[PDB]
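Novice: mmCIF, C-alpha atoms and all ligand atoms, saved as input_17.cif, coming up:
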data_coords
#
loop_
_atom_site.label_atom_id
_atom_site.label_comp_id
_atom_site.auth_asym_id
_atom_site.auth_seq_id
_atom_site.Cartn_x
_atom_site.Cartn_y
_atom_site.Cartn_z
CA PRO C 1 3.85 -1.67 -4.90
CA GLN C 2 3.18 -4.38 -7.44
CA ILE C 3 1.49 -3.14 -10.60
CA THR C 4 -0.17 -5.54 -13.03
CA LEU C 5 -0.61 -4.74 -16.72
CA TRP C 6 -4.29 -5.50 -17.41
CA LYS C 7 -4.72 -1.71 -17.59
CA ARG C 8 -2.19 0.99 -18.52
CA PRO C 9 0.21 1.47 -15.59
CA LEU C 10 -0.75 5.08 -14.94
CA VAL C 11 0.43 6.68 -11.73
CA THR C 12 0.42 10.14 -10.23
CA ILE C 13 3.65 12.14 -10.36
CA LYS C 14 4.57 15.50 -8.88
CA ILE C 15 6.77 17.88 -10.83
CA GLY C 16 7.04 21.65 -10.53
CA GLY C 17 4.70 21.44 -7.55
CA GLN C 18 1.89 20.01 -9.68
CA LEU C 19 0.25 16.60 -9.80
CA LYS C 20 0.13 14.92 -13.21
CA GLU C 21 -0.74 11.49 -14.55
CA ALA C 22 2.08 9.49 -16.13
CA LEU C 23 2.69 6.06 -17.64
CA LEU C 24 5.39 3.72 -16.25
CA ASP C 25 7.06 2.77 -19.53
CA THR C 26 9.82 0.15 -19.62
CA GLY C 27 10.01 0.58 -23.40
CA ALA C 28 11.15 4.20 -23.02
CA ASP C 29 14.85 4.92 -22.39
CA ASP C 30 13.97 8.39 -21.17
CA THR C 31 11.27 10.28 -19.28
CA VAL C 32 9.20 12.72 -21.30
CA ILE C 33 6.58 15.14 -20.06
CA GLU C 34 4.05 17.35 -21.86
CA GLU C 35 4.86 21.04 -22.32
CA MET C 36 5.48 22.79 -19.00
CA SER C 37 7.93 25.22 -17.42
CA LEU C 38 11.08 23.72 -15.90
CA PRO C 39 14.06 25.59 -14.45
CA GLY C 40 17.53 25.92 -15.90
CA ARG C 41 19.14 25.49 -19.27
CA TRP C 42 18.09 22.82 -21.72
CA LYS C 43 19.84 20.84 -24.45
CA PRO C 44 18.44 19.24 -27.59
CA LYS C 45 17.54 15.54 -27.61
CA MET C 46 16.19 13.19 -30.27
CA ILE C 47 13.73 10.43 -29.40
CA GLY C 48 13.32 7.49 -31.75
CA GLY C 49 9.66 6.56 -31.74
CA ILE C 50 7.85 3.69 -33.45
CA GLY C 51 6.71 6.11 -36.15
CA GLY C 52 9.89 8.16 -36.49
CA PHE C 53 12.33 10.48 -34.74
CA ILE C 54 11.39 13.66 -32.87
CA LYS C 55 13.33 16.46 -31.13
CA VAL C 56 12.59 17.47 -27.51
CA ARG C 57 14.07 19.65 -24.74
CA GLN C 58 16.35 18.00 -22.16
CA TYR C 59 16.44 19.33 -18.58
CA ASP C 60 18.82 17.79 -16.07
CA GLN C 61 18.66 17.20 -12.32
CA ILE C 62 14.92 17.85 -12.07
CA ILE C 63 13.06 16.97 -8.86
CA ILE C 64 10.15 14.61 -9.50
CA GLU C 65 7.98 12.35 -7.33
CA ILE C 66 6.67 9.13 -8.85
CA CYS C 67 3.95 7.31 -6.92
CA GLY C 68 5.28 9.10 -3.83
CA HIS C 69 8.88 8.01 -4.48
CA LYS C 70 11.33 10.90 -4.76
CA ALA C 71 13.67 11.04 -7.75
CA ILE C 72 16.03 13.63 -9.23
CA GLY C 73 17.08 13.27 -12.83
CA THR C 74 16.75 14.01 -16.50
CA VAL C 75 13.34 15.04 -17.78
CA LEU C 76 12.57 15.66 -21.45
CA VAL C 77 9.79 18.05 -22.45
CA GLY C 78 7.85 17.81 -25.70
CA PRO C 79 4.69 16.67 -27.57
CA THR C 80 4.29 13.21 -26.07
CA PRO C 81 0.79 11.57 -26.26
CA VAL C 82 0.97 10.87 -22.52
CA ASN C 83 3.49 11.70 -19.81
CA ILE C 84 6.05 8.88 -19.76
CA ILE C 85 8.29 7.72 -16.92
CA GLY C 86 11.16 5.93 -18.64
CA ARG C 87 14.00 3.69 -17.53
CA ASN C 88 16.23 6.51 -16.31
CA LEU C 89 13.80 7.25 -13.45
CA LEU C 90 12.31 3.76 -13.12
CA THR C 91 15.78 2.58 -12.15
CA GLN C 92 16.09 5.37 -9.58
CA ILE C 93 12.94 4.28 -7.76
CA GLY C 94 13.99 0.63 -7.80
CA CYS C 95 11.42 -0.57 -10.32
CA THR C 96 11.87 -4.00 -11.91
CA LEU C 97 9.94 -6.30 -14.20
CA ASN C 98 9.03 -9.67 -12.70
CA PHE C 99 7.47 -12.87 -14.00
CA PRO H 1 13.00 -13.83 -13.58
CA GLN H 2 13.57 -10.34 -12.20
CA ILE H 3 14.68 -7.83 -14.82
CA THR H 4 16.33 -4.55 -13.85
CA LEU H 5 16.03 -1.51 -16.07
CA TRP H 6 19.64 -0.29 -16.35
CA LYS H 7 19.47 -1.45 -19.97
CA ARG H 8 16.60 -2.12 -22.37
CA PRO H 9 14.69 -5.22 -21.23
CA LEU H 10 15.27 -7.33 -24.34
CA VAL H 11 14.29 -11.00 -24.43
CA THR H 12 14.19 -13.80 -26.95
CA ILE H 13 10.79 -14.73 -28.29
CA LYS H 14 9.62 -17.55 -30.51
CA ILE H 15 6.92 -16.66 -33.00
CA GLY H 16 5.84 -18.28 -36.25
CA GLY H 17 8.68 -20.79 -35.94
CA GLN H 18 11.24 -17.98 -35.74
CA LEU H 19 13.47 -16.61 -33.00
CA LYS H 20 13.52 -12.85 -32.52
CA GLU H 21 14.73 -10.32 -29.98
CA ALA H 22 11.96 -8.18 -28.49
CA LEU H 23 11.50 -5.40 -25.95
CA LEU H 24 9.26 -5.82 -22.89
CA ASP H 25 7.32 -2.56 -23.17
CA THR H 26 4.85 -1.69 -20.42
CA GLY H 27 3.99 1.53 -22.23
CA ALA H 28 2.72 -0.37 -25.29
CA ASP H 29 -0.90 -1.53 -25.37
CA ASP H 30 -0.17 -3.85 -28.30
CA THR H 31 2.54 -6.22 -29.51
CA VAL H 32 4.21 -5.27 -32.78
CA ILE H 33 6.76 -7.30 -34.69
CA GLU H 34 8.88 -6.51 -37.76
CA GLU H 35 7.81 -7.90 -41.11
CA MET H 36 7.33 -11.66 -41.08
CA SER H 37 4.77 -14.23 -42.24
CA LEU H 38 1.97 -15.28 -39.91
CA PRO H 39 -0.95 -17.65 -40.52
CA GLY H 40 -4.60 -16.71 -40.77
CA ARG H 41 -6.64 -13.67 -41.71
CA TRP H 42 -5.51 -10.14 -40.94
CA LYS H 43 -6.91 -6.62 -40.98
CA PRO H 44 -5.13 -3.29 -41.24
CA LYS H 45 -4.59 -1.09 -38.18
CA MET H 46 -2.80 2.15 -37.37
CA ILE H 47 -0.70 2.38 -34.23
CA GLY H 48 1.17 5.40 -33.06
CA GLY H 49 3.01 7.41 -30.50
CA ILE H 50 5.35 10.36 -30.07
CA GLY H 51 7.13 9.90 -33.41
CA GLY H 52 4.00 9.34 -35.50
CA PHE H 53 1.88 6.37 -36.66
CA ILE H 54 2.63 3.28 -38.71
CA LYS H 55 0.30 0.96 -40.61
CA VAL H 56 0.40 -2.65 -39.49
CA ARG H 57 -1.36 -5.96 -40.16
CA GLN H 58 -3.37 -7.35 -37.24
CA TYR H 59 -3.25 -11.13 -36.75
CA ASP H 60 -5.33 -12.72 -34.02
CA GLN H 61 -4.85 -15.88 -31.94
CA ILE H 62 -1.09 -16.06 -32.50
CA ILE H 63 0.92 -18.25 -30.15
CA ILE H 64 4.15 -16.81 -28.83
CA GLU H 65 6.77 -18.01 -26.38
CA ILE H 66 8.29 -15.18 -24.39
CA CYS H 67 11.37 -15.93 -22.37
CA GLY H 68 10.07 -19.48 -21.87
CA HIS H 69 6.42 -18.66 -21.16
CA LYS H 70 3.71 -19.52 -23.69
CA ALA H 71 0.85 -17.17 -24.47
CA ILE H 72 -1.66 -16.41 -27.18
CA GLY H 73 -2.98 -13.13 -28.47
CA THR H 74 -3.09 -10.50 -31.17
CA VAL H 75 0.17 -9.69 -32.91
CA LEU H 76 0.62 -6.67 -35.18
CA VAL H 77 3.15 -6.88 -38.00
CA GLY H 78 4.72 -3.90 -39.71
CA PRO H 79 7.67 -1.53 -40.11
CA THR H 80 8.50 -1.16 -36.42
CA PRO H 81 12.13 -0.24 -35.72
CA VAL H 82 12.09 -2.51 -32.64
CA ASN H 83 10.11 -5.70 -31.89
CA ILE H 84 7.74 -4.79 -29.04
CA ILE H 85 5.98 -7.06 -26.53
CA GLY H 86 3.07 -5.00 -25.23
CA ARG H 87 0.64 -5.37 -22.36
CA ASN H 88 -1.71 -7.71 -24.25
CA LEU H 89 0.95 -10.42 -23.97
CA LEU H 90 2.84 -9.24 -20.88
CA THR H 91 -0.25 -9.99 -18.77
CA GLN H 92 -0.39 -13.55 -20.07
CA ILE H 93 3.11 -14.38 -18.85
CA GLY H 94 2.35 -12.85 -15.44
CA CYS H 95 4.64 -9.87 -15.87
CA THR H 96 4.34 -7.11 -13.26
CA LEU H 97 6.14 -3.91 -12.28
CA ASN H 98 7.54 -3.88 -8.76
CA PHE H 99 9.10 -1.20 -6.57
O1 LIG P 101 7.69 6.08 -29.54
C1 LIG P 101 7.19 5.21 -28.84
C2 LIG P 101 5.84 4.72 -29.18
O2 LIG P 101 5.33 5.00 -30.26
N1 LIG P 101 5.15 4.03 -28.28
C3 LIG P 101 3.77 3.53 -28.45
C4 LIG P 101 3.54 2.09 -28.90
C5 LIG P 101 4.51 1.29 -29.50
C6 LIG P 101 4.22 -0.04 -29.87
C7 LIG P 101 2.96 -0.56 -29.66
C8 LIG P 101 1.97 0.23 -29.07
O3 LIG P 101 0.72 -0.29 -28.83
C9 LIG P 101 2.27 1.54 -28.69
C10 LIG P 101 5.76 3.92 -26.94
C11 LIG P 101 5.28 2.81 -26.02
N2 LIG P 101 6.45 2.71 -25.13
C12 LIG P 101 7.64 3.40 -25.64
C13 LIG P 101 7.23 3.59 -27.09
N3 LIG P 101 7.88 4.67 -27.83
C14 LIG P 101 9.30 4.92 -27.55
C15 LIG P 101 9.70 6.03 -26.58
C16 LIG P 101 8.77 6.92 -26.06
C17 LIG P 101 9.18 7.92 -25.17
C18 LIG P 101 10.52 8.02 -24.79
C19 LIG P 101 11.45 7.14 -25.31
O4 LIG P 101 12.76 7.25 -24.93
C20 LIG P 101 11.04 6.15 -26.19
CL CL P 102 18.46 10.57 -15.04
CL CL P 103 -4.63 -9.92 -27.41
CL CL P 104 -2.52 -11.26 -12.68
#
Go ahead and express the file in the form of structure tokens.
Ligand SMILES: O=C1C(=O)N(Cc2cccc(O)c2)[C@H]2CNC[C@@H]2N1Cc1cccc(O)c1
Ligand SMILES: [Cl-]
Ligand SMILES: [Cl-]
Ligand SMILES: [Cl-]
Specialist:
Amino acid sequence: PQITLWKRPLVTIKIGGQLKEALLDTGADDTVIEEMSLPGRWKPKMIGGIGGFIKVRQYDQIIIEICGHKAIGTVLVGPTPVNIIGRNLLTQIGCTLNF
Amino acid sequence: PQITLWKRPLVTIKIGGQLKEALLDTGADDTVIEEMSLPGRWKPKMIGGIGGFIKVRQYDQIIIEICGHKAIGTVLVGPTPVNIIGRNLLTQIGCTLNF
């Protein structure tokens, strides 16, 4: 699809068998999702936000659907204001910026 | 142009007679620039996300040139670690997400 930016670019994702709303965020290096259960071992990760740094949990090779497009990759879990699909997965689904 | 997301989508902007590097950020509602002088009245605002909030100065009707495209809108100025072009200006240059 082509998504304009007059409103927040919110889409539906599927992760852990559940539908969630998430923001397509080209300003985010990484994908971060609100607290939920994911399989496997995790590693620590620091995000640098506009207001400061924050530590989250990194899960690798997680299955996730974004607007119906299947992806498998790194998902961070922590206290994000909104679920964020960052560049790591935007690249997987072939998303570009155009003007 | 078409901009892939393998790396941060940084572009050159011209604002207030100055050249700066800024991030095209579809997850940002607003545009926020590091400390600099801008003309006109301003009012204080708080903007935030995963790492906390920062206090910024809101300037309205500011002309910017983003990667060669002129636009006008509100620009926030404050202690942001990265210059951010948000949706309020991305729309004006015709920027969309495509996949
Ligand atoms: O921390 C923030 C942040 O505060 N904002 C909000 C913001 C920032 C500037 C202006 C505005 O109106 C809103 C977000 C927006 N996209 C990534 C901005 N980030 C960075 C981020 C987020 C998640 C994962 C990452 O790897 C990086
Ligand atoms: Cl990944
Ligand atoms: Cl505006
Ligand atoms: Cl449009």
Novice: Leaving out stretch 24-31 of chain H and any residue of its chain fewer than 3 positions from it, which residues lie within 7 Å of it when counting all atoms listed in the file, given as a list in words?
Specialist: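 These residues fall inside the cut-off: residues 23, 24, 25, 26 and 27 of chain C; 9, 10, 75, 76, 84, 85, 86, 87 and 88 of chain H.
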Novice: Which polymer residues, whether protein, DNA or RNA, lie within 12 Å of the coordinate (12.0, 6.3, -31.1) when you count only C-alpha atoms? List them as a PDB file with C-alpha atoms, keeping the file's coordinate frame, using the chain letters and numbers from the file.
Specialist:
ATOM      1  CA  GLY C  27      10.010   0.580 -23.400  1.00  0.00           C
ATOM      2  CA  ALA C  28      11.150   4.200 -23.020  1.00  0.00           C
ATOM      3  CA  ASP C  29      14.850   4.920 -22.390  1.00  0.00           C
ATOM      4  CA  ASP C  30      13.970   8.390 -21.170  1.00  0.00           C
ATOM      5  CA  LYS C  45      17.540  15.540 -27.610  1.00  0.00           C
ATOM      6  CA  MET C  46      16.190  13.190 -30.270  1.00  0.00           C
ATOM      7  CA  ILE C  47      13.730  10.430 -29.400  1.00  0.00           C
ATOM      8  CA  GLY C  48      13.320   7.490 -31.750  1.00  0.00           C
ATOM      9  CA  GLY C  49       9.660   6.560 -31.740  1.00  0.00           C
ATOM     10  CA  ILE C  50       7.850   3.690 -33.450  1.00  0.00           C
ATOM     11  CA  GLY C  51       6.710   6.110 -36.150  1.00  0.00           C
ATOM     12  CA  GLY C  52       9.890   8.160 -36.490  1.00  0.00           C
ATOM     13  CA  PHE C  53      12.330  10.480 -34.740  1.00  0.00           C
ATOM     14  CA  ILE C  54      11.390  13.660 -32.870  1.00  0.00           C
ATOM     15  CA  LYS C  55      13.330  16.460 -31.130  1.00  0.00           C
ATOM     16  CA  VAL C  56      12.590  17.470 -27.510  1.00  0.00           C
ATOM     17  CA  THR C  80       4.290  13.210 -26.070  1.00  0.00           C
TER      18      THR C  80
ATOM     19  CA  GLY H  48       1.170   5.400 -33.060  1.00  0.00           C
ATOM     20  CA  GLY H  49       3.010   7.410 -30.500  1.00  0.00           C
ATOM     21  CA  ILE H  50       5.350  10.360 -30.070  1.00  0.00           C
ATOM     22  CA  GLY H  51       7.130   9.900 -33.410  1.00  0.00           C
ATOM     23  CA  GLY H  52       4.000   9.340 -35.500  1.00  0.00           C
ATOM     24  CA  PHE H  53       1.880   6.370 -36.660  1.00  0.00           C
ATOM     25  CA  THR H  80       8.500  -1.160 -36.420  1.00  0.00           C
ATOM     26  CA  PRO H  81      12.130  -0.240 -35.720  1.00  0.00           C
ATOM     27  CA  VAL H  82      12.090  -2.510 -32.640  1.00  0.00           C
TER      28      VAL H  82
END
Novice: Relative to chain H, what is the Cα RMSD of chain C after a least-squares superposition using every Cα atom paired in order?
Specialist: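 Rounded to one decimal, the C-alpha RMSD is 0.7 Å.
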Novice: Counting only C-alpha atoms and all ligand atoms, name the residues that have an atom within 7 Å of an atom of ligand CL 103 (chain P); the answer should be given as a PyMOL selection string.
Specialist: chain H and resi 73-74+88-89
Novice: Could you pull the residues within 8 Å of residue C:94, counting all atoms listed in the file, minus those fewer than 4 positions along the same chain, as number ranges by chain?
Specialist: C: 90; H: 98-99
Novice: Find the distance between atom CA of residue C:11 and atom CA of residue C:66 and write it in Å to one decimal.
Specialist: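 Taking atom CA of residue C:11 and atom CA of residue C:66, their separation equals 7.3 Å.
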